[PDB]
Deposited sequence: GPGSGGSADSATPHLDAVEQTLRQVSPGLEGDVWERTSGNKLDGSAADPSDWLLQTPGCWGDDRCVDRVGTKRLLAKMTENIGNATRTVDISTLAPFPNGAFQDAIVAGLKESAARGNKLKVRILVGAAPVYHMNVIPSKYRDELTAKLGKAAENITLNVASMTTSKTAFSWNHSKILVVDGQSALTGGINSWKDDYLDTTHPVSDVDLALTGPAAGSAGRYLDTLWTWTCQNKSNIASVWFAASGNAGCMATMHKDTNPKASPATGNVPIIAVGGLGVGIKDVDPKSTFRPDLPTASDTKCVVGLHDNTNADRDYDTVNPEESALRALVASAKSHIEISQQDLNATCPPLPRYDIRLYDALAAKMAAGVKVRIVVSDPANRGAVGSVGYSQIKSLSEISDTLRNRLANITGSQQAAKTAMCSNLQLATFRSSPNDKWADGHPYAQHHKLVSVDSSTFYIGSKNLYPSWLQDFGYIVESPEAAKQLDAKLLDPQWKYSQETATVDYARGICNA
């Protein structure tokens, strides 16, 4: 018998086919043959960690931010057919807008005509910073003559006011062949023009998994175009006499996709609330959508995917997030199944590291108290729960230097949506682990070589400096 080289993806895949079988292909997809899109000078620069400083409370070395902007511009500049962008509102501005404009000009200068979609999600209150006809016109002016070659769709969307759902995915797909995704929403939101920048992470790849991201964006745009005449749901603006391109990706890029590398990946997203009510094909049989809505799970496979990635760990788990708990009533405070999965792992002796952003930006007591309470359910007593927790947990707030704050007095903040297990398989995307009912998207990658680069370039330094805030750290007998 033959031994799988992708045990973690195999397990996550099995769970996704149980939960969201009918969404396979569109909202989640397993592909082989991807390449993590790092040059030959720097093999790790698929890992787009911003700002890139470590050990330095003045963040001298901004190579991470500089590399992100250059990669956005380069990827768009190589477009020959399509450019597909999603983010949280507002529409691109500042340095991101400059990179979009420069890339689109470079593609046009090479003789290309492009279709371009730009989709943002809006909180129902934020409808000032979301005028799509204004953004279309400003981008068209900045493009100049290059605008003649661009068929543009720009939209802001809210899928549920009652259940607080709108797009939060952050994706750049070019020609359905290259993709960037992660937690970086904009230059200003991560305070990157600043001497207290926010730590964040994106990944860049090429290959079939970029097609997966395009199919996810086709799912959101099919709904957006179906609702383009409902002003409460969608504000839509297009160039010239262009239509609403519901399926730009299916139409302009194909399904069979050639391999560019040897990395297996599960692309996985969610549809939030108000796009699709249920996966009619699902036989899964496990208001609070995170913890008490089966139908919601079936159209939000990313939630089950992230819990399955935790469950697949045999040795150790590292979680880096803005938080594990939500502070947004009516949302629940935490994902019960996620915390139960983490508790069961510690009950087995699997190590769990959780680094979250400084509450200033305890936050920590909330996490350890909950893990302990879920462990008490499993182990039978608070004393046995403490034994399992103190012996297997590392819990801290984030720091990128030996200073407790940035040199300029602001606290460190972090916005990662990162999970890694067994120095093997990791998620980078836009989906927070705290309860949230938005459209989100990310990639789960199984590659020990890449996961070890993630250790060396991100998680090892993160812990070198964050351990100083730890309230629990089994490696030094700390358990306060």
Deposited seq positions with no alpha-carbon in the coordinates run 1 to 6, 293 to 306, 382 to 393, 513
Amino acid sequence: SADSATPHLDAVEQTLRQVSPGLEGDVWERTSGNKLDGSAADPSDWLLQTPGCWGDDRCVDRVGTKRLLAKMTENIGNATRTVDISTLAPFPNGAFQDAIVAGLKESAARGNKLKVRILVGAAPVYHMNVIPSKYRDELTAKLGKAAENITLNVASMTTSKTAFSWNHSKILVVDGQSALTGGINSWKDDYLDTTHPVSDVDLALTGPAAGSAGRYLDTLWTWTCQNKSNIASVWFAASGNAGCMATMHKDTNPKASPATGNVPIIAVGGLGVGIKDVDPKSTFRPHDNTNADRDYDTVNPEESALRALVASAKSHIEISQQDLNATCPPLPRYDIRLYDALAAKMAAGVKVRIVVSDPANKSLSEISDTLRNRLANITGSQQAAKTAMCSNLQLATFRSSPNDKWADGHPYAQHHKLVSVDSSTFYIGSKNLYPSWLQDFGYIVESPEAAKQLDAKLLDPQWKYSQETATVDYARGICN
From here on, numbers count along this sequence of modelled residues.
Stretch with higher mean Cα temperature factor, 170 to 178 vs 133 to 141, is 133 to 141
Stretch with the higher entry mean CA B-factor, where the candidates are 193 to 201 and 123 to 131 = 123 to 131
Per the coordinate record, which of the options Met248, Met389, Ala155, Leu114 holds the highest CA temperature factor?
-> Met248
Go through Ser436, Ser39, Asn34, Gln439 one by one and give the residue whose Cα B-factor in the PDB entry is largest.
-> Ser39
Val421 - Cα temperature factor, lowest/middle/highest third of chain = lowest
C-alpha B factor of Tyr339, ranked within the chain: lowest, middle or highest third?
-> lowest
Just say lowest, middle or highest third for the CA B-factor of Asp26 relative to the other modelled residues in its chain.
-> middle
Within this chain, which third does the Cα B-factor at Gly77 fall in: lowest, middle or highest?
-> middle
Can you work out whether the C-alpha temperature factor of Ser1 puts it in the lowest, middle or highest third of the chain?
-> highest
